[PDB]
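> Sequence and experimental coordinates follow.
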Amino acid sequence: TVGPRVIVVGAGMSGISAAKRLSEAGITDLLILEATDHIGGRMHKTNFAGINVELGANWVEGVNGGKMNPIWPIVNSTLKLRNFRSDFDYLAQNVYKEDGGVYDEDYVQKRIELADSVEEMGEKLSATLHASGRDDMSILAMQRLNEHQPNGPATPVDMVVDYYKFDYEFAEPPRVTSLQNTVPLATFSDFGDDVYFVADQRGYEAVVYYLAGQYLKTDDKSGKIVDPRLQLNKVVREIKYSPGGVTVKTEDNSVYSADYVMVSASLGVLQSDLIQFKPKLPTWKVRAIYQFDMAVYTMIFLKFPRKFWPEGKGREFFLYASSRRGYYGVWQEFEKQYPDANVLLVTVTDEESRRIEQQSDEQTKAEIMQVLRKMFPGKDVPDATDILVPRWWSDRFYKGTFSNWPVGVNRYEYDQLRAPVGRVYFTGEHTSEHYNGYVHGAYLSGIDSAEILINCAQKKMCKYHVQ
Ligand SMILES: Cc1cc2nc3c(=O)[nH]c(=O)nc-3n(C[C@H](O)[C@H](O)[C@H](O)COP(=O)(O)OP(=O)(O)OC[C@H]3O[C@@H](n4cnc5c(N)ncnc54)[C@H](O)[C@@H]3O)c2cc1C
Ligand SMILES: *[C@@H]1O[C@H](CO)[C@@H](O)[C@H](O)[C@H]1NC(C)=O
């Protein structure tokens, strides 16, 4: 109403957080333009076969550690969102042979232990690397170094173990991933090694909503955010920035003025042509944008006439050691989370995600049936009655699921990513210093971006030195 005006592009986690931090400081003249018809962004639930499941973020990652993960209190104490600790101690008993049945546990255990040791030496190595990133390498290069081979895990069991250890976490193979920025990982180093599966019918998005209703006006009766400051179905298509101020044009031809703009759209959106910047963003910034990775993590859901898979102690997570690396490999059954549901969850990432998103649900269901018959022969496995294939990559407002730190990108040029250009500020998981790719990362990045601008608006200090 009175003071500087900031336009926040996008009402995701970091978007909502940023505006909240801005409000708190006094900058209340905010306008949040959100492309979709809902806040939450990549924190989004949907109805699959009469239950609510997550399309996007599904875990609170990093719990029980030396520092409190800011999302965990909100999830466990404040909203008391239904969630369960994920236990992976029994994967050794649950790795399926490409053709028929499981491997000898004692065998698989060796391979897991071996894999863990190679990664532990990765940590030692990573701890010695110069902070300039000068002597950084891919996770694979390290793996090769320890295993004394021209290659990383090359055999069906080893690979699915490798996939589970890395791909299943970062949504890209070890060979594209920076050793120095994932091994070890601050998310786990700081907040603990535990991850917690949110399975609450309100949605994991309830966290975003909770935060949003601490500064945005909500209807006393229904609870729906009624604040005129949040505008849904507003698709920012052009940002005009000059010494004087900023213009923000949306897709319906509205043009807005403000003193500053906070961009919370994903790295993939920035990488696309969705938001045009006039004038064009400096080279240094563009090169930072296009060198970072916007990975794709696809959570394929399936429902079945009956339950043909093992349930009980250490049965939640099972692997499929395909000879075609990353082929329908990581499986999750929901006996605890959605009792009597008959839903399985297979995760694919990266190269496979792009294929699968592009093909018909039927074609996919077909492929998955085949695999499931091989995993459980001498059982009668019914065709899946329903399939869900989240198409995040294909979606213009996301163009991926989360960022991954790639080999080549050093700490400096990562900072160029978060750096502002004029009155154009950036936020989102991909700007998060130590927690890119994560809900908390997005959440904390909101606060940091906000504070950077607040420091400029109020304290009148606006030179940002990239480091
Ligand atoms: C499949 C998947 C699984 C994941 N797994 C985990 C996990 O379980 N645990 C965890 O901690 N994190 C995980 N994440 C990552 C986590 O979801 C993100 O780090 C976090 O949600 C990012 O929030 P954000 O505000 O940075 O981006 P977003 O949530 O994408 O916010 C951007 C918002 O801007 C909007 N938008 C984009 N373009 C425009 C525009 N042109 N105009 C106006 N609005 C625009 C979008 O609609 C969106 O609402 C997962 C993500 C996905 C999708
Ligand atoms: C979450 O809440 C439960 C049940 O109220 C409580 O016992 C526990 O302290 C919390 N769990 C974690 C991991 O913080």
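Received it, and whenever you're ready, just let me know what you need. Numbers count the residues shown, from 1 in each chain. Ligands and ions are numbered 1, 2, ... in the order given.
> list the contacts for the residue of the stretch 1-150 of the chain found nearest ligand 2?
As assessed by CB to the nearest ligand atom, ligand 2 sits closest to residue 76 within the stretch 1-150 of the chain, at 3.9 Å. (C-beta placed from N, C-alpha, C; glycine too.) Taking CB atoms under 8 Å, 6 or more residues apart in numbering, we find residue 76 in contact with 60, 83, 196.
> Return the distance of it relative to residue 194.
The gap separating residue 76 from residue 194 is 12 Å, by CB to CB, to the nearest Å.
> And for residue 435?
Here the criterion is CB to CB. By it, residue 435 lies 16 Å from residue 194.
> how long is stretch 315-331 end to end?
Its start and end residues considered, stretch 315-331 measures 10 Å (CA to CA, to the nearest Å).
> Apologies, that question was intended for stretch 305-324.
29 Å.
> Report the distance from it to the chain centre.
Averaging C-alpha positions (CA atoms, centre = their mean, to the nearest Å) puts stretch 305-324 24 Å from its chain's average.
> now swap in stretch 63-70 and tell me
19 Å.
> Give me the more crowded residue out of residue 435 and residue 194.
Set residue 435 next to residue 194 and count neighbours by other CB atoms under 10 Å: residue 435 wins out with 23 against 18.
> any idea which residue sits dead centre in the chain?
Most central in the chain under CA atoms, centre = their mean is residue 402, positioned 3.7 Å from the mean C-alpha point.
> out of the contacts of residue 76, who has the most neighbours?
residue 60 (25 neighbours).
> Show me what that one bridges to in the sheet.
With DSSP bridges as the criterion, residue 60 is bridged to residue 196.
> which residues does it contact?
By CB under 8 Å, 6+ apart, the contact set of residue 60 is 69, 71-72, 75-76, 83, 195-196, 198, 439-440.
> Could you identify the most distant pair in those residues?
Across the contacts of residue 60, no pair lies farther apart than 83 and 440, at 14.6 Å, counting by CB to CB.
> Checking the nearest residue to residue 162 once chain neighbours are set aside next. Helix, strand or coil?
Once flanking residues are discounted, residue 162 sits nearest to residue 153: 3.9 Å by CB to CB, 6 or more residues apart in numbering. Look at residue 153: counting by DSSP: H, G, I helix; E, B strand; the rest coil, its state is coil.
> Is any residue of the helix or strand harbouring residue 246 near ligand 1?
Per DSSP states H and E: residue 246 is located in strand 245-250. No: using CB under 6 Å from any ligand atom, we find that strand 245-250 stays clear of ligand 1, coming within 7.1 Å at best.
> elements contacting that strand?
Counting contacts by 3 or more CB pairs under 8 Å, 6 or more residues apart in numbering; DSSP states H and E, strand 245-250 is packed against strand 6-9, strand 236-242, strand 255-258, strand 260-263.
> quick check, the helix or strand harbouring residue 17 touching ligand 1?
Secondary structure assignment for residue 17, by DSSP H and E: helix 13-25. Yes: applying CB under 6 Å from any ligand atom, one finds helix 13-25 touching ligand 1 at 13-15.
> Next, format these as JSON lines and append distance to residue 453 and neighbour count.
Listed next are the residues of helix 13-25 next to ligand 1 as JSON lines, based on distance: CB to CB, whole Å; neighbours: other CB atoms under 10 Å:
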{"residue": "13", "distance to residue 453": "18", "neighbour count": "32"}
{"residue": "14", "distance to residue 453": "13", "neighbour count": "35"}
{"residue": "15", "distance to residue 453": "13", "neighbour count": "30"}
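> Include distance to residue 304 when you put those residues into CSV, please.
Shown next, in CSV, are the residues of helix 13-25 next to ligand 1 (distance: CB to CB, whole Å):
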residue, distance to residue 304
13, 33
14, 37
15, 38
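> which of these lies closest to residue 416?
residue 14 (18.1 Å).
> what's near enough to touch that closest one?
Taking CB under 8 Å, 6+ apart, one finds 264, 427-429, 431, 442-443, 445-446, 449 in contact with residue 14.
> If you count contacts, what does the helix or strand where residue 118 lies end up packed against?
In this structure, residue 118 sits in helix 105-128 according to DSSP H and E. Under the contact criterion of 3+ CB pairs under 8 Å, 6+ apart, helix 105-128 touches helix 139-147, helix 156-162.
> Redo the helices and strands packed on strand 245-250 as TSV? Include mean neighbour count.
Converted to TSV, these look like this (neighbours: other CB atoms under 10 Å):
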stretch	mean neighbour count
strand 6-9	28
strand 236-242	18
strand 255-258	14
strand 260-263	27
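> Same list (the ones you listed) but as a markdown table, adding distance to residue 65.
Compiled in a markdown table, these are given as follows (distance: least, CB to CB, whole Å):
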| stretch | distance to residue 65 |
| --- | --- |
| strand 6-9 | 31 |
| strand 236-242 | 37 |
| strand 255-258 | 39 |
| strand 260-263 | 30 |
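> Phi, psi for residue 348 please.
Per-residue torsions, residue 348: phi -130, psi 160 (degrees, to the nearest 10).
> Surely it is in contact with residue 324?
No: contact criterion CB atoms under 8 Å: residue 348 and residue 324 do not qualify, at 11.6 Å.
> Those two: which has the busier surroundings?
Taking other CB under 10 Å, residue 348 and residue 324 do not tie; residue 348 has more neighbours (28 against 11).
> What sits closest to that one if chain neighbours are left out?
The shortest distance from residue 348 to any residue other than its chain neighbours is 5.0 Å, reached at residue 298 (CB to CB, 6+ apart).
> which residue packs closest to residue 13, ignoring adjacent ones?
In space, residue 13 comes closest to residue 442 once its chain neighbours are excluded; the distance is 3.9 Å by CB to CB, 6+ apart.
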